[PDB]
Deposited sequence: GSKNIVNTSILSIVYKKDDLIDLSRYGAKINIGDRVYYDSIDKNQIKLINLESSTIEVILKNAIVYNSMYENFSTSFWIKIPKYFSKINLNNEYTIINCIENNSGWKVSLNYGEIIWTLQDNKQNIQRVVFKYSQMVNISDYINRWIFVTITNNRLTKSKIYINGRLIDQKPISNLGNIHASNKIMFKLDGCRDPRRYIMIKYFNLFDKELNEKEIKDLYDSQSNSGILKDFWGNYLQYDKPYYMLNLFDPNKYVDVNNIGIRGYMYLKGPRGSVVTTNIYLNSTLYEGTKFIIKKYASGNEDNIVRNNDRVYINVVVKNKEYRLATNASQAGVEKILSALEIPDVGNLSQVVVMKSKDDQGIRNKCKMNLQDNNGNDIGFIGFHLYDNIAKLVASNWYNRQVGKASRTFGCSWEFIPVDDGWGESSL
């Protein structure tokens, strides 16, 4: 359905381009940034040169009372750290001219869609998210926004395919939007503020729920493993580990060597700015580094074969086990890397719920990595029961992980 697009912005050969049939002109400011690793990820900062201005052809400039339209984009919004971020709505995508049109704005814990007709009547729908939560689905993580407008019924906002808010807009006269869309932090009093955005689209219809989920799913890049923030999972990058069965725990190592084990330990600590945020600490426990064994670009893809290093006292060790342990659960150890010898250490990454499949060197499954409780110690294990359960589509517990790298949009000390 990315075919209906009257405007589709993507990166290409050191440039932004509109792939639609109207080849809109795109003026890029002097302080606009892109992710060297996922070049479609664009960062805008709180300066007047961090601008992307799209000039629409007159054929598609919106000037109607009735025409339906939608837009969609991915956005990553850093946590709000200070009281200066309160009651300071700032525009980020502006298509308003002479006080009519549309815009996307942000505020503390909010995404806002605004429609304004040429009598200056207004309707807003808003997505609100809390910063007073242990682990947030939204803070500083890529989310999919979609807003649909049916001029005879309702304006609607979806987050990750899911309807959040809807408001009647039939009270609204003619809307004459600008012929420029300005991507820019506008009116934002926090100088360190930034946003990241990718795959902006406009459509001249009201997308239905099915088309919205289809966009959500295909733009997910389903064969590339993602870290916690939604970025591409990367080799040679340290990651704090989160186990989704119980995210209030982190990974620790009791001792190095084949006698030691890794395990899950809680509770997590806390990060706090009084009245602004209170979350769980994510930079806790022993970090994992993914190391190559198998498409040469440093991105981790579904079914790649990797080794996992574990970081203990800022020294790298190898995740490994001997499958000859009695029991299906094979406890995992952090080994000195030269001394690993013949022990099982090759891991098949997978993106859809169990993430790491340990194999021996003959290509045989030792099992997905999760945990087992021995005398109230949640030891990490490789276990083929997980693999058998995913076949039965049976319930698994503990084989689902998130990799959390350090990230400036989260802001926790080091």
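Asker: No C-alpha coordinates anywhere in a stretch? Then put that deposited-sequence range on the list, in order along the chain.
Answerer: Unmodelled stretches, in sequence order: 1 to 4, 299 to 300, 358 to 364, 428.
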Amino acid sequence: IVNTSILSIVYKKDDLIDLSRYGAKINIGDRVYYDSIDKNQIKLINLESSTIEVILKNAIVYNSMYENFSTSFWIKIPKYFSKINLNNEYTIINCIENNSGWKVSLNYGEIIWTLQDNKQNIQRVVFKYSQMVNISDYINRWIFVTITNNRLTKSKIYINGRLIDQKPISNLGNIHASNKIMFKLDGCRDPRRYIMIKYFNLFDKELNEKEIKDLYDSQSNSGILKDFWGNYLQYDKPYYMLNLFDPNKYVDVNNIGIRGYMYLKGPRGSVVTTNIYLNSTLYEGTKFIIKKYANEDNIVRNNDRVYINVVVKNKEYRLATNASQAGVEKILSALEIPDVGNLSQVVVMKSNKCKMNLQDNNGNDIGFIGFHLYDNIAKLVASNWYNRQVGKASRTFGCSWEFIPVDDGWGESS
From here on, numbers count along this sequence of modelled residues.
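Asker: Taking only the CA atoms, which stretch has the higher mean B-factor in the record, 137 to 145 or 285 to 293?
Answerer: Looking at the recorded C-alpha B-factors, 285 to 293 comes out higher on average.
Asker: Which wins on mean Cα temperature factor, 260 to 268 or 337 to 345?
Answerer: According to the entry, 337 to 345 carries the higher average C-alpha B-factor.
Asker: If you compare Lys156, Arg193, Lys103, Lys315, which has the highest Cα B-factor in the entry?
Answerer: Of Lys156, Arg193, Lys103, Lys315, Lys315 has the highest C-alpha B-factor.
Asker: Among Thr91, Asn87, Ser280, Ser72, which carries the highest Cα B-factor?
Answerer: The listed residue with the largest C-alpha B-factor is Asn87.
Asker: What third of the chain does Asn201 rank in for C-alpha temperature factor, lowest, middle or highest?
Answerer: It falls in the bottom third of the chain.
Asker: For the chain shown, is the CA B-factor of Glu110 in the lowest, middle or highest third of its modelled residues?
Answerer: Within its chain, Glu110 is a lowest-third residue by C-alpha B-factor, going by the deposited values.
Asker: Grab the CA temperature factor for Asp246 from the record and place it in the lowest, middle or highest third of its chain.
Answerer: Ranked within chain, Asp246 CA B lands in the middle tercile.
Asker: Please place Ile37 in the lowest, middle or highest third of its chain according to the CA B-factor in the PDB entry.
Answerer: For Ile37, the deposited C-alpha B-factor lands in the highest third.
Asker: Among all modelled residues of this chain, ranked by Cα B factor, put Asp165 in the bottom, middle or top third, i.e. lowest, middle or highest.
Answerer: Answer is middle: the recorded C-alpha B-factor places it there.
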